Amino acid sequence: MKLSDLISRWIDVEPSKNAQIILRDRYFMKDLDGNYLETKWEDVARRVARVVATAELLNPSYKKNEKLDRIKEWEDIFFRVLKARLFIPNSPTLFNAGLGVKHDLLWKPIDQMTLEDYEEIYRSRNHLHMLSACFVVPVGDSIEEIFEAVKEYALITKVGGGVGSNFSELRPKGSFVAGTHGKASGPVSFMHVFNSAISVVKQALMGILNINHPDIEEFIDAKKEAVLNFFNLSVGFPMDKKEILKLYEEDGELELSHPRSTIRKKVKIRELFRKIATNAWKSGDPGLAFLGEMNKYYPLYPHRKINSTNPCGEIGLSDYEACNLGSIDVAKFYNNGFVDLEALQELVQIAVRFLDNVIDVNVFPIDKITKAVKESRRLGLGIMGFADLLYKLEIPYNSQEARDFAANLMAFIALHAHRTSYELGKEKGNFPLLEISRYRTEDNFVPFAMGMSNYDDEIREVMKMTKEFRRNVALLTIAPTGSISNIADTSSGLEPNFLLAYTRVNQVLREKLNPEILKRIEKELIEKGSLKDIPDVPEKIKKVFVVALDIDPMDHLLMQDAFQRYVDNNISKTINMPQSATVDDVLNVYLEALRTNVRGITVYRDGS
Amino acid sequence: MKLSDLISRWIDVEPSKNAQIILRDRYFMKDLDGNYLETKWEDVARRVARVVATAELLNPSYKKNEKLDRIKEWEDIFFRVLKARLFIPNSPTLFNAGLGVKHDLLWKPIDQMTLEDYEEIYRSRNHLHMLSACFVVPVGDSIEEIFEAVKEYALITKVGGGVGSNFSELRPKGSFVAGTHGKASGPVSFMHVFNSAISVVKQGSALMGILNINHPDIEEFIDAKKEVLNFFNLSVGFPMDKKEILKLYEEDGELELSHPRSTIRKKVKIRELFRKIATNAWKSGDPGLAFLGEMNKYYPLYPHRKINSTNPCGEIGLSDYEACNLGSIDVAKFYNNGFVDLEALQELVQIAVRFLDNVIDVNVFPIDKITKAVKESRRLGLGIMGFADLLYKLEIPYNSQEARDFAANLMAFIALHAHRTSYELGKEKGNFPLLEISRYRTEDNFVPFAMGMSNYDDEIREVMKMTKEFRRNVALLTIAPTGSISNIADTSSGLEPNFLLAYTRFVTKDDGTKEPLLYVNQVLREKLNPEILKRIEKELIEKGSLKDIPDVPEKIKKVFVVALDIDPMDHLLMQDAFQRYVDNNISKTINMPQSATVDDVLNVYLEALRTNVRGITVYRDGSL
Ligand SMILES: Nc1nc2c(ncn2[C@H]2C[C@H](O)[C@@H](COP(=O)(O)OP(=O)(O)OP(=O)(O)O)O2)c(=O)[nH]1
Ligand SMILES: Nc1nc2c(ncn2[C@H]2C[C@H](O)[C@@H](COP(=O)(O)OP(=O)(O)OP(=O)(O)O)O2)c(=O)[nH]1
Ligand SMILES: Nc1ncnc2c1ncn2[C@@H]1O[C@H](COP(=O)(O)OP(=O)(O)O)[C@@H](O)[C@H]1O
Ligand SMILES: Nc1ncnc2c1ncn2[C@@H]1O[C@H](COP(=O)(O)OP(=O)(O)O)[C@@H](O)[C@H]1O
Ligand SMILES: [Mg+2]
Ligand SMILES: [Mg+2]
């Protein structure tokens, strides 16, 4: 089925009252008195498509005597996809698209748009016109660099970004400082300054410290349980997942050292892991960040290095790199018991172009960020509504069927996104750093593990094409989609529905479940939070309409690995554990985690 | 006496075991390994004398024929006054002089010093060779400038500096932020980030925050350290005239609180405002008052440049990015048979002004705007220590018009020969680049302080008129707390009276740790009957004063007064006396008895409004 006919199925389904409240509440623009310039999703969709279509102004393939036709065609596609909610960019794009721009240019009908109007949009874009979710800055080992990083955190946070850092450059507590006053206070003491700064600016960050840092134990307890309430903390792992699994299995030792220090120490790699698991068992933090696995697949490694992710895990980024995200609602792609792959590939093509185009109309607070993005052009195309899609296809999330379905779905998406990048590379220019990347300097480089689809062969050959042309260094990610999935009235990222009914009722359950059976049980379901131990609901309804805590921790982890084989950046997935999980259940998640292809790990025990 | 014979009375006198603990603790240079490179105060004096003498390379009055001789001579004279402990520069000069310089060069016998050695000292001073105690930085009304300022605080703090800011440019809480419809959080909110930063930079081994009385968040500020900005000293700033403010108070007027970049305005009764301050000061000692209006009155560069804040302890009003290096002369050592040896003292002022102006040439700052500002103005802070101990020798009670009159004359004398040295130096080396646009030039009869308490005024005016032509420095004098350097010199701090005449500081001799070492004022030891000292001694340590002790001569009770024997107004009036003859400001705590009320604090504030004081710090005996 053609995308245009898909769009027509969705373009006029009104956003729920839930979605509409969140929109009014924070997406609809407001004039200098707090009066509405936008009153429905259509206004947002028009504004956003028009701002992003403006980037086509820079397309060397067009000419004068063609640009305006071509530009308006892109705004029109962008607009229809957006209004239909089949693809939605990350929040910062929705908020900040068109800031600076004369109101009478942002909502004026497309037919009336002139080449001058598009140019004025382009140039009236102000310093707040920042449209990317994800940032990473370094924190060098000097008071100067620490405080410049604190400044950068403030500026990024002001304009709407989430920011992450690896703090491992900072010498541990006690090290010599060539001076007078004595000793380094260490990474963790400095993260408290970042926390204070952000707590003020925000009246949601990531901080990583590597496993072999002498202050790792202090760091692991850092949010126990002084505090760093604005940080998500992850333990970094710069070395092979292989080496770390093996060292653990052999009950090895890890040498804690730092180059700019004489602080050395030895700890049993298993005691450290138990320390992590115990804390995570209690409160969720710290997560794990398989930095070395990220770099394995990093087309620009080792002449660039991923040391951190963004606050939620899904983009591992090099220094001063940012990435703009967007998500395709796959639940809208259901048709007759099948995923309409005809329409999907067309959207994937449109979506990659939109995301590449956001780069050109984005404004960042820091020149080093502007330049890092220009050279790499990293994108984060993902999916939402996956769980809801599986409900429609009558596939239980915790099953091998579901994961083989995921892997193939993600493989398909990966294929056409990367083919779209080759084609944009042709049309617009390669990403400046193509020459020094492994897409070029290597043969048969692929930036994810694969090994769970029949598209591998095809993917392995699109990857050879991108030797000559490639617009972007990587293109895929699965994001949390906390807000935009709510806008799209769909499930979040790859996650299972956390609940089917929550007065604080899933639409697919409402259709597939016989009403009155639905009316009877809906009170009991709200309390018990699962269909599992509601008696007299059909075994097939019970099996398919699984919630997060119906799905055991390995089924969560194996879903993540399935998607991650076909994702070139990383994945936001929470490994939900039942309240009765033990610290030993967490270690087991961690070990399975080191054997699968996942690039990181977040666990969360119900009740903790 | 000539200074040479005074140096002789003092040069082979070693610091007390007390001072030696301080030196070992924080002043003696250790090496990359943690081994001592210095073990005697004399090693410090050597290193510091040699480094500041190095600034003589730049002296454009010296033919290369004479340079090594001229430099070695200043090195020796600097070495002599420092070893004797007659003058001591602020602590960072002592901690950081010679950082970056090869160790062979810093202590080696002088007679082995070649002109290349001096050049080598000069070239190798590293990024940590920061020799100034006092700094002011602006904090502009934007996120980027707020956070550039936090970065400046951390970098100044790291190298030894004390830093202050006026936060009044930040727009009040809840105010409008362009293009967000999100609201500004306010100055106090960001002061917490500055505090957090510094609590971490100083983790293990100080700051001034000022908000102006008319800021719409002033009441919040006044309470900011109520039961916290534990790393800040807070003052309320008055950029208007003290007259306006005194008058407004007497009329029981209202004050308008408004901000240039906000719609938020409010009207508050000044009396009610002052009482809020007084109560909080009465409770905790914060906030102080900062009469910036009154500093700008005497600032040679105003309105071209403006003073908006002081450093941590208040004794230096500084324009944006300005720093100031301080040093203090021990006046107790200049006692010669019931008189102050003015002859020896004048030579030491000549020497100490030159030393402090040499610090500026060997000084490295972490920030370019600071270097520039400092090179433009060349503000010095020469002060005194051991003044209370000097009064003891002269048998003068601190709390008397006699003490105040002597203090004004002393200061007036010092100020005279200090500015006359700046004259000489300006001829010899060049004028401070901004002499031309300063009030020393664009006016007749500009004096950078009030005067009115000395025979010396007429002559001071002579000298100030002279410096329309030749002037090395924009201002030259301060009185500092001297918290550390007065302990090194074994003498009383700044202009402050002795807090106690006798106490204990337990030995911590380890190796069977115990021993209470009982201190008694060295001048009390010399003028009180060892037979009396014998018996009263233990009542003195329980009661903290001599006053209500049976059988101590009435004239020793009157002379050996402590800080709490001296009433608030006599604290205040002494401050006034010095400030009449100081172009920077004055560090002075107005000590108050536990029994003092908030009305008593209020009256100190009204009285300071009538005197020439440039700001007020009060402390109530048992508050904190
Ligand atoms: N808490 C605290 N940390 C400091 C202080 N000074 C330096 N550090 C820490 C910050 C960095 O983690 C590390 C290096 O600091 P810097 O590069 O600023 O020190 P510097 O270049 O003077 O000595 P270095 O050559 O790096 O050993 O030591 C300080 O005063 N306080
Ligand atoms: N807490 C907090 N304060 C802010 C924020 N943004 C601005 N402010 C305060 C900081 C300064 O006191 C004042 C002005 O900030 P900026 O100059 O960075 O804001 P901007 O230039 O975007 O708007 P403006 O032209 O100044 O209204 O507002 C914020 O995002 N969080
Ligand atoms: N409150 C926040 N402040 C700053 N950045 C955020 C915030 N919430 C999310 N982000 C950024 O966006 C990323 C993913 O967002 P989700 O997928 O959470 O986005 P959305 O808000 O578009 O539904 C996070 O990993 C983080 O980088
Ligand atoms: N702990 C400190 N940290 C940073 N600066 C300080 C500190 N203590 C004092 N200062 C600075 O030193 C100046 C002089 O203080 P004092 O006169 O107390 O210094 P010192 O006796 O060590 O030479 C003060 O006005 C202040 O600017
Ligand atoms: Mg360094
Ligand atoms: Mg601004």
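Every chain is numbered from 1 and lettered A, B, ... according to where its sequence line falls, protein lines coming before strand lines. All heavy atoms count here, side chains included; hydrogens, waters and symmetry mates do not.
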Any residue meeting ring pair (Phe, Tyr, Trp, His ring centres under 6.0 Å) with A:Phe563, in chain and number order, not counting sequence neighbours
A:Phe386

From A:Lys523 NZ over to A:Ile521 CD1, what is the distance, rounded to the nearest 0.5 angstrom?
10.5 Å

A:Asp388 and A:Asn506: side-chain donor and acceptor closer than 3.5 Å?
yes

Side-chain donor-acceptor contact under 3.5 Å, A:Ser483 with A:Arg26:
yes

With no hydrogens and no angle check, do the side chains of A:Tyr566 and A:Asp456 hold a donor and an acceptor under 3.5 Å apart?
yes

Donor-acceptor pairs under 3.5 angstrom involving side-chain atoms of residues 222-239 of chain A: please list them, not counting sequence neighbours.
| unit_1 | atom_1 | unit_2 | atom_2 | d |
| --- | --- | --- | --- | --- |
| A:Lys223 | NZ | A:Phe231 | O | 2.7 |
| A:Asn232 | ND2 | A:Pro311 | O | 3.0 |

Do A:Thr490 and A:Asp329 pair up side chain to side chain, a donor and an acceptor below 3.5 Å, judged on atom types alone?
yes

Looking at CZ of A:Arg260 and CZ of A:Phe176, how far apart are the two atoms once the value is rounded to the nearest 0.5 Å?
15.0 Å

Please say which of A:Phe194, A:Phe190, A:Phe219 ends up in a ring pair (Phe, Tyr, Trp, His ring centres under 6.0 Å) with A:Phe167.
A:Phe194

By side-chain contact (heavy atoms from CB on, under 4.5 Å), A:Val339 pairs with (sequence neighbours left out) A:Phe333, A:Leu341, A:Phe405

Indicate whether the side chain of A:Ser168 and that of A:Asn166 have a donor and an acceptor atom separated by less than 3.5 Å.
yes

Salt bridge A:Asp561-A:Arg565, side-chain N to carboxylate O under 4.0 Å
yes

Which residues satisfy the ring pair (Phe, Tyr, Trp, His ring centres under 6.0 Å) test with A:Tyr320, sequence neighbours excluded?
none

Please determine whether a side-chain nitrogen of the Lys or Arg among A:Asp585 and A:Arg605 lies less than 4.0 Å from a carboxylate oxygen of the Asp or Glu.
no

Can A:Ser318 and A:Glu321 be counted as having a side-chain donor-acceptor contact under 3.5 angstrom?
yes

With sequence neighbours left out, the residues meeting ring pair (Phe, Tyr, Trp, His ring centres under 6.0 Å) with A:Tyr298 are none

How are the rings of A:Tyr248 and A:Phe273 set relative to one another: parallel (under 30°), tilted (30 to 60°) or perpendicular (over 60°)?
perpendicular

Ion pair A:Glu255/A:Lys265, N-O distance below 4.0 Å
no

Could you check whether A:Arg595 pairs with A:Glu592 (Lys NZ or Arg NE/NH1/NH2 to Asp/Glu carboxylate O, under 4.0 Å)?
yes

Could you tell me whether A:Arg599 sits above the aromatic face of A:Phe290, with NZ or CZ closer than 6.0 angstrom to the six-membered ring centre and within 45 degrees of the axis?
no

Should the heavy atoms of other residues, nucleotides or ligands under 6.0 Å from CD of A:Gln400 be counted, would the total exceed 12?
yes

Side chains of A:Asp489 and A:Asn18: do they bring a donor and an acceptor to under 3.5 Å?
no

For A:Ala280 against A:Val603, the heavy-atom pair lying closest together
CB-CG2, 3.7 Å

Is any NZ, NE, NH1 or NH2 atom of the basic residue among A:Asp533 and A:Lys528 found under 4.0 Å from an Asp or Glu carboxylate oxygen of the other?
no

Does a donor on one side chain and an acceptor on the other come within less than 3.5 Å for A:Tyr604 and A:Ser283?
no

Identify whether the distance between the nearest side-chain nitrogen and carboxylate oxygen of A:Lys173 and A:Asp215 falls below 4.0 Å.
no

Donor-acceptor pairs under 3.5 angstrom involving side-chain atoms of residues 540-552 of chain A: please list them, not counting sequence neighbours.
| unit_1 | atom_1 | unit_2 | atom_2 | d |
| --- | --- | --- | --- | --- |
| A:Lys542 | NZ | A:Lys532 | O | 3.0 |
| A:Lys542 | NZ | A:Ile534 | O | 2.8 |
| A:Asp550 | OD1 | A:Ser530 | OG | 2.6 |
| A:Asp550 | OD2 | A:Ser530 | OG | 2.8 |
| A:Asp550 | OD2 | A:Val547 | N | 3.3 |
| A:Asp552 | OD1 | A:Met554 | N | 3.4 |
| A:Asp552 | OD1 | A:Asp555 | N | 2.9 |

Taking A:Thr481 for the side chain and A:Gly493 for the main chain, is one N or O donor matched with an acceptor at less than 3.5 Å?
yes

Shortest non-hydrogen pair, A:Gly316 vs A:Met294, comes out as CA-SD, 4.3 Å

